[PDB]
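To begin, one chain is listed below as structure tokens, in the form deposited in one PDB entry.
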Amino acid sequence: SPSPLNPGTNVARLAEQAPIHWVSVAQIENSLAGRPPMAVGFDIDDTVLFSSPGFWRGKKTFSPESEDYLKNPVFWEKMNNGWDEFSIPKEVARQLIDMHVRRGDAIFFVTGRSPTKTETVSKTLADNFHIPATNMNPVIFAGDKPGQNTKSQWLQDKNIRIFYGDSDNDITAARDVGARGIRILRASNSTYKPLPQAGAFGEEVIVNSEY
């Protein structure tokens, strides 16, 4: 700073590109041509669902000033049992999942959300993305609590070869097990802030994956 009234710009800044390995769904699919059906995984939040409406609602209802709602079982019971009806499915996920289904791939969802006694997230996902039951697997609630296993342990267990996610820990989880971690852009209107530096580990990042 200063942050000027009239900052101006220049054509070096206008054309400036960060050195990122951008990919398209079409190129990922091409990279898989001739590879046998495999298990692939997806993070949920900001990867396949824009779920910030429910998280916003939860914050505003359960902990208006902090992020305490994120460890409130009452919030999770609401979040995992219907508030995703207000979540907005990502077109990038529609494309990815359609093409993995077309390959005959096993599709897993592995989330850091807290587990709840029941969940309708598996159903919301299978329904919105038209995932055959054959390809579909119930959502895995991963983590460090008693009775849980971490994202990484789950990726190893289900032999997941590709993991799509928006968060750094999605990519490092894939890397820890030798899986191909592929980054999805977090939408700038997500309430999960700050936005990750997509590409921060040299991973592939999907173009235009914010929606």
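Shifts are known only where both forms have a C-alpha. One-based numbering along the sequence shown. Throughout, rigid core stands for the largest set of C-alpha atoms superposing within 1.5 Å between the two forms.
There is also a form deposited in another entry; it is not shown, and the following applies to it.
Rigid-core fit between this form and the one not shown: of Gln156, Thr172, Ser63, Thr150, the one residue whose Cα shifts 2 angstroms or more is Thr150.
Relative to this form, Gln148 and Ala106 separate from one another in that other deposited form, with their C-alpha atoms ending up at least 3 Å farther apart. Relative to what is shown, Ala173 and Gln148 are closer in that other deposited form; their C-alpha atoms differ in spacing by at least 3 Å. Taking the core as reference, just one block of three or more adjacent residues between this form and the one not shown has all its Cα positions offset by 2 Å or more: 143-150.
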